[PDB]
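Student:
There are 2 protein chains.
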Amino acid sequence: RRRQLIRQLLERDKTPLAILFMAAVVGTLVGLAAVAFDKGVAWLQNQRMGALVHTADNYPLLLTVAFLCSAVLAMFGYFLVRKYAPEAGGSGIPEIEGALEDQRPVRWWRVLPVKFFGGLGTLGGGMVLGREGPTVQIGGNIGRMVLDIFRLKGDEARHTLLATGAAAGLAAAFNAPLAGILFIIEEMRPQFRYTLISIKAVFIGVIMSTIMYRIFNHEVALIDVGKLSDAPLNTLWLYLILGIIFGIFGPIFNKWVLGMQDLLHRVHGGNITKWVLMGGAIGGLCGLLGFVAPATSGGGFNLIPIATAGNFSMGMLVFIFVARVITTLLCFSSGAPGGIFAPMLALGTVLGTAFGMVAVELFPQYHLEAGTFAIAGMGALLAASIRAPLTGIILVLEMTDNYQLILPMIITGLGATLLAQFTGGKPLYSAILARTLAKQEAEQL
Amino acid sequence: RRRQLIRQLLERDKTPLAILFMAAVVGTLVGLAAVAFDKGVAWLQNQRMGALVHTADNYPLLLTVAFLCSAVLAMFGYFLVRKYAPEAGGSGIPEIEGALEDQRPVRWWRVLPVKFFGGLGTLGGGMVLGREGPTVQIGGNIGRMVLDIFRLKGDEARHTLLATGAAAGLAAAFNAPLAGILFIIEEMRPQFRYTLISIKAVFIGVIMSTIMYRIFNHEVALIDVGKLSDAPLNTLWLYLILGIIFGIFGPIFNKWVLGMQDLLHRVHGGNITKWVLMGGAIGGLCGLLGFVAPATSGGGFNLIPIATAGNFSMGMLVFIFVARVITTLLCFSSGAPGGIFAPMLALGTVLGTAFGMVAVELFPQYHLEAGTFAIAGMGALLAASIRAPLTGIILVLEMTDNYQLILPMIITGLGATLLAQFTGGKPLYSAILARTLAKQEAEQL
Numbered sequence: 017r018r019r020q021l022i023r024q025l026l027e028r029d030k031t032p033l034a035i036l037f038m039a040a041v042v043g044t045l046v047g048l049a050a051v052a053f054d055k056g057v058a059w060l061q062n063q064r065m066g067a068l069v070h071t072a073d074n075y076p077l078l079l080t081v082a083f084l085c086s087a088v089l090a091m092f093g094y095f096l097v098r099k100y101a102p103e104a105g106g107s108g109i110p111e112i113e114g115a116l117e118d119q120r121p122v123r124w125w126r127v128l129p130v131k132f133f134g135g136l137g138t139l140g141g142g143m144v145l146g147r148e149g150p151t152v153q154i155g156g157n158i159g160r161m162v163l164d165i166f167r168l169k170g171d172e173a174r175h176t177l178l179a180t181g182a183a184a185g186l187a188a189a190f191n192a193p194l195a196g197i198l199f200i201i202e203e204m205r206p207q208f209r210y211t212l213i214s215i216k217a218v219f220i221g222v223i224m225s226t227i228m229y230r231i232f233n234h235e236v237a238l239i240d241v242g243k244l245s246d247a248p249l250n251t252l253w254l255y256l257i258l259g260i261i262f263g264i265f266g267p268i269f270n271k272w273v274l275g276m277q278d279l280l281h282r283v284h285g286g287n288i289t290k291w292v293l294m295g296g297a298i299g300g301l302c303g304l305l306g307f308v309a310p311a312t313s314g315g316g317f318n319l320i321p322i323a324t325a326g327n328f329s330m331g332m333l334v335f336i337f338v339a340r341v342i343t344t345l346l347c348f349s350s351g352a353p354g355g356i357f358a359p360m361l362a363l364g365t366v367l368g369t370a371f372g373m374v375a376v377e378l379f380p381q382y383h384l385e386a387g388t389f390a391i392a393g394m395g396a397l398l399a400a401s402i403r404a405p406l407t408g409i410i411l412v413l414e415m416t417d418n419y420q421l422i423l424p425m426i427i428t429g430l431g432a433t434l435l436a437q438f439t440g441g442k443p444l445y446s447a448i449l450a451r452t453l454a455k456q457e458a459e460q461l
Numbered sequence: 017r018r019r020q021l022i023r024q025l026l027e028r029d030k031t032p033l034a035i036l037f038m039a040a041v042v043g044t045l046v047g048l049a050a051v052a053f054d055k056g057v058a059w060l061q062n063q064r065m066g067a068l069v070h071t072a073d074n075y076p077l078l079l080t081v082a083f084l085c086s087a088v089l090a091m092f093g094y095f096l097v098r099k100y101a102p103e104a105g106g107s108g109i110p111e112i113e114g115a116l117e118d119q120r121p122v123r124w125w126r127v128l129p130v131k132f133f134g135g136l137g138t139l140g141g142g143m144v145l146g147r148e149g150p151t152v153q154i155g156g157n158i159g160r161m162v163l164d165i166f167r168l169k170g171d172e173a174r175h176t177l178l179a180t181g182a183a184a185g186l187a188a189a190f191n192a193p194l195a196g197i198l199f200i201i202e203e204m205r206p207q208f209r210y211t212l213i214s215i216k217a218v219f220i221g222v223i224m225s226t227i228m229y230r231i232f233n234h235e236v237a238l239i240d241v242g243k244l245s246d247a248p249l250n251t252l253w254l255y256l257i258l259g260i261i262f263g264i265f266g267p268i269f270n271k272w273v274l275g276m277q278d279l280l281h282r283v284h285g286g287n288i289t290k291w292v293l294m295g296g297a298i299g300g301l302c303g304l305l306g307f308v309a310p311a312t313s314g315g316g317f318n319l320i321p322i323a324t325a326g327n328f329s330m331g332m333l334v335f336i337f338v339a340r341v342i343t344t345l346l347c348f349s350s351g352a353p354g355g356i357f358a359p360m361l362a363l364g365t366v367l368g369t370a371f372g373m374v375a376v377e378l379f380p381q382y383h384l385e386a387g388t389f390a391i392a393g394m395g396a397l398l399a400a401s402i403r404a405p406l407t408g409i410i411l412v413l414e415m416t417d418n419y420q421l422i423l424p425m426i427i428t429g430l431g432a433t434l435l436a437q438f439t440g441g442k443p444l445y446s447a448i449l450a451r452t453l454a455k456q457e458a459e460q461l
């Protein structure tokens, strides 16, 4: 009746649906955080371009105010990160991957208003860090936040409301919900047996986060090439030797970054009052090299359609490549709050269009294009330095709408990951986690 | 050595690169078969309209040609689906749900080509069935077709190679790679703990199926309505009344389907040649309704973009498009190889726009349109009668590009499935499985 068995006391199914409602509200807050971060970095880029271009009297006044205007923003990044909490640190994901293994415990209160507000300004300063790192660490720690204001279970909820936030941050970064799930289903979840309700909560968070991304931006994804030509079967074996080159380059890049992150510690170990001066001095360098040569610095997403259509010269490509390598080494590994998973796409597609412009002039009998090798090269650094080839292919197919070259890209992935396994090396994100846990073990006496 | 010990004997890639790559190759097929299904039913619709428009001199000539042109294809559907293999009869998902709990073994060499070659002719032939169910069952049977020809061990591969494919049929039939995974998460998987490689294989199958659907069909999403108004924050309490109305309507429709299943079987005491002549009488009525009342027949993917803009007036709406139950009940309960997924997806929207039109003939202080009440009713019958709300939120957000009104969708879901639970009911795609299992139990001893 109305009084007897009134809704069966919420059908005796509170604990199932409560962990889905928590995943829904964290899927609402992540994504809103992502569009706030994107609007803030676009705002800061627009002011740092407009205030620089509003005077055009001579060169050196502009060249000396750009170095100053990016310096205070990068100093606002470093002086927030190294002073308040170093759990911000590097590229996000190495501080959240061990949080699923219950190391580097994610205290949310000292991460959000420092990572968010610092990585707004220093990514808007024009440096070469990515946009995914702050938003994926913010995504996981909002999950820890909106678990720790409701006081849920001790062990299961601490993982299943952190996974659906670490997935949702990456999903709301690039308008790629499947690369948000595929990624977290891979790299950060090892060989075990996972429950049903948890993987449903991850989909709840990812879909309610990409929906809150697509509300405030209703458009096609961030990078565009323009629906290039078909890749026939006769020319497909050039993608395999491109995979050979990328699988060789992967662990060499890992050794490069693991050496540079310790070299920039050897220059200044502690002593934050000189650390933030080095950070501001390198942010001003990235601002100056972003104004004088706009194809060098920046987030990398201002570089894709001007380089996958065959625009620059080959000497310009071999200059931009050795410039962007020394920029994304010397500005990431210093320790600014910023992603490396995003500019690896640019560093991949530059070599992709380089090998395209070589193979077009070297094989005239194939009617090959130099643009459809750049998209195959974009999802190759994610296969040979992250060793997560699924979410290195699916992210590129969600961002770039060039669906026709799926068959080159699965070949250049499965054909670079096996070569990275054959040449030895680790995923970079697990390597940074193990290298940080070595010092975390050495801290105890 | 150098040539010896190649990747430590290929790093033991018997499991993690073959049961993954076979999920990839079963994803790639459903997307060469699903697109053949779609381009076959579109070609049959174009030919059935071109043969219809050829003679337009007077009514009772082409009205009687329309009485038989759908009827011959109805013979070619029913006689195929009943003389050769009586396992395809039904809308897919109840029969493919049986194989996951290990009942009703899927004879892929005998139930697949009959479903294809006699389901396209009766789905594009002028019926009112859906384009989804005989894609889900074809995607399930393609899994066992690929499995029994590559000879895997039948203990876990016989779930993790047809679960991919059972998801990949829907994911490439509705261009929704999220709802395709969440349908098999919510519907066809019990509370048991699941492994990492099986939850990866469904993802790889779904994405390499939706990619090869988006190769041939480069279209915008399949239901293209205009960008409607945003949902106001004070008018959410009307949508809960819509959820209550649909939750009242849901189990009544499920009892209607199961109560006409035996009433349409009562005119079939065996004698398959009488079933084909009853299916001819089904086909003649649904082909007669093809153009003299053209918004009654069809799959319901051409009635939806017209009925949301307030084009249809109230009288013909309540008199015809709600009496559309008398044909979408008559066509699916008979047993033709078509879906009841889509003609509930397009039956909920006319009841939604009826509630929106009475809401705009009522209190005008909100000054809202009835457009926001049809998108919320499109994916609420899926929650109220199939009781899978987590594919009823996302399907009418993947096909309909109106990403704004995610709040009325959540409100009318949690508020229709919640009422449909304690009002008394059971999900149709699990109830008719037990109904056909009762006959499978009563045939022996």
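Sequences listed follow chains B and A, in order. Under the entry's author numbering, think of the first position of the first sequence as 17, with each following residue one higher. Under the entry's author numbering, think of the first position of the second sequence as 17, with each following residue one higher. For every residue, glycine included, the Cβ atom is placed at its ideal position computed from N, Cα and C.
Closer than 8 Å is the cut-off here; do at least three beta carbon pairs connect the segment 347-354 of chain B with the segment 362-376 of chain B?
Tutor: Touching, no.
Student: What first and last residue would you give for the alpha helix (DSSP H) that runs through B:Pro102?
Tutor: Here B:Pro102 belongs to no alpha helix (DSSP H), and DSSP marks it neither H nor E.
Student: Apply the 10 Å Cβ neighbour rule to A:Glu202 and answer buried if 16 or more other Cβ atoms are within range, or exposed otherwise.
Tutor: By the neighbour-count rule (16 or more Cβ atoms within 10 Å), A:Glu202 is buried.
Student: Can you look up A:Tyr419 in the DSSP assignment and give me helix, strand or coil?
Tutor: A:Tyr419 falls in the coil class under three-state DSSP.
Student: Please list, in chain order, the chain B residues whose beta carbon lies closer than 7 Å to that of A:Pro248.
Tutor: Neighbours of A:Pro248 on chain B: none; closest Cβ ~15 Å, over 7 Å.
Student: Rounded to whole angstroms, what is the Cα-Cα separation between A:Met330 and A:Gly134?
Tutor: Taking the straight line joining both Cα atoms gives about 38 Å.
Student: To the nearest angstrom, report how far apart A:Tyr419 and A:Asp246 are at their CA atoms.
Tutor: Whole-angstrom Cα-Cα distance: 9 Å.
Student: Near B:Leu319, which residues of its chain fall below 7 Å by C-beta distance, leaving aside the five closest residues on each side in sequence?
Tutor: Answer for B:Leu319: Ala311 and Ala362, listed in chain order.
Student: Which value, in whole angstroms, describes the spacing of the CA atoms of B:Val283 and B:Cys302?
Tutor: Taking the straight line from one Cα to the other gives about 19 Å.
Student: Indicate the three-state DSSP secondary structure (helix, strand or coil) for A:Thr343 in the structure shown.
Tutor: Three-state result, A:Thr343: helix.
Student: Within 10 Å of its beta-carbon, does A:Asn327 have 16 or more other beta-carbons around it, so buried, or fewer, so exposed?
Tutor: Exposed, by the Cβ-count rule.
Student: Less than 8 Å between CB atoms is the rule here; does B:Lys455 satisfy it with respect to chain A?
Tutor: No, B:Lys455 does not count as interfacial toward chain A.
Student: Counting along the chain, where does the alpha helix (DSSP H) carrying B:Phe262 start and finish?
Tutor: Residues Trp253 to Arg282.
Student: So for B:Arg126, helix, strand or coil by DSSP?
Tutor: B:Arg126 falls in the helix class under three-state DSSP.
Student: Along chain A, which residues have their Cβ under 9 Å away from the Cβ of B:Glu27?
Tutor: In chain order: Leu434, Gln437 and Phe438.
Student: To which residues does DSSP link A:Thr211 through a beta bridge?
Tutor: Answer is B:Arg209.
Student: List the residues that DSSP assigns as beta-bridge partners of A:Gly146.
Tutor: In the DSSP output, where bridge partners are listed per residue, A:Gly146 has A:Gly355.
Student: Using the three-state DSSP reduction, which class does A:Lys290 fall into: helix, strand or coil?
Tutor: Correct three-state label for A:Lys290: helix.
Student: List the residues of chain B that A:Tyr419 touches, going by C-beta distances under 8 Å, in chain order.
Tutor: Those are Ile227, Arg230, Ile231 and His234, listed as they occur along chain B.
Student: Counting only beta-carbon separations shorter than 8 Å, does A:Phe132 have a partner in chain B?
Tutor: Chain B, which has no Cβ nearer than 8 Å to the Cβ of A:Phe132, makes this no.
Student: Could you give the residue range of the alpha helix (DSSP H) that holds A:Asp171?
Tutor: A:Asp171 -> no alpha helix (DSSP H), and no H or E assigned at all.
Student: Under 7 Å Cβ-Cβ, which residues of chain A neighbour B:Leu194?
Tutor: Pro193 and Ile223, listed in chain order.
Student: Between B:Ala182 and B:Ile112, is the Cβ-Cβ spacing less than 8 Å?
Tutor: In contact: B:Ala182 and B:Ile112 (Cβ atoms closer than 8 Å).
Student: In angstroms, rounded to a whole number, what distance separates the CA positions of A:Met228 and B:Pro193?
Tutor: Roughly 18 Å separates the two Cα atoms.
Student: Report yes or no: do the segment 87-95 of chain B and the segment 136-150 of chain B share at least 3 C-beta pairs separated by less than 8 Å?
Tutor: Touching, per the Cβ criterion.
Student: So which residues on chain A does B:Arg23 lean against when the C-beta distance must stay under 7 Å?
Tutor: Here the neighbours are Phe438.
Student: With a 10 Å radius around its C-beta and 16 neighbouring C-beta atoms as the bar for buried, classify B:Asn270 as buried or exposed.
Tutor: When all chains shown are included, B:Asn270 counts as buried.
Student: With a threshold of 8 Å between beta-carbons, can B:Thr211 be considered close to chain A, or not?
Tutor: Answer yes: the Cβ-Cβ gap between B:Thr211 and chain A drops below 8 Å somewhere.
Student: Under 9 Å between beta-carbons, which chain B residues line up against A:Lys216? List them in chain order, please.
Tutor: In chain order: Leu198, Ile201, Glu202 and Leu406.
Student: A:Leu411 versus chain B: which residues are under 7 Å apart at the beta carbon?
Tutor: The contacting residues do not exist; A:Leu411 stays about 11 Å from chain B at best.
Student: Determine, using beta carbons only, whether A:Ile422 comes closer than 8 Å to chain B.
Tutor: Closer than 8 Å: yes.
Student: What does the alpha-carbon distance come out to for the pair B:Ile22 and A:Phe208?
Tutor: Those two C-alpha atoms are separated by around 30 Å.
Student: Going by the beta-carbon positions, is the gap between B:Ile260 and B:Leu430 smaller than 8 Å?
Tutor: No, these two residues do not count as a Cβ contact at 8 Å.
Student: Could you tell me the alpha carbon to alpha carbon distance between B:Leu421 and B:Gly56, rounded to whole angstroms?
Tutor: Roughly 34 Å separates the two Cα atoms.
Student: Count the other CB atoms within 10 Å of the CB of A:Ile322; is the residue buried (16 or more) or exposed (fewer)?
Tutor: Looking at its Cβ environment, which holds fewer than 16 other Cβ atoms inside 10 Å, A:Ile322 is exposed.
Student: Under 8 Å between C-beta atoms, does B:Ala297 make it to chain C?
Tutor: No chain C appears in the structure shown, which is made up of the protein chains B and A.
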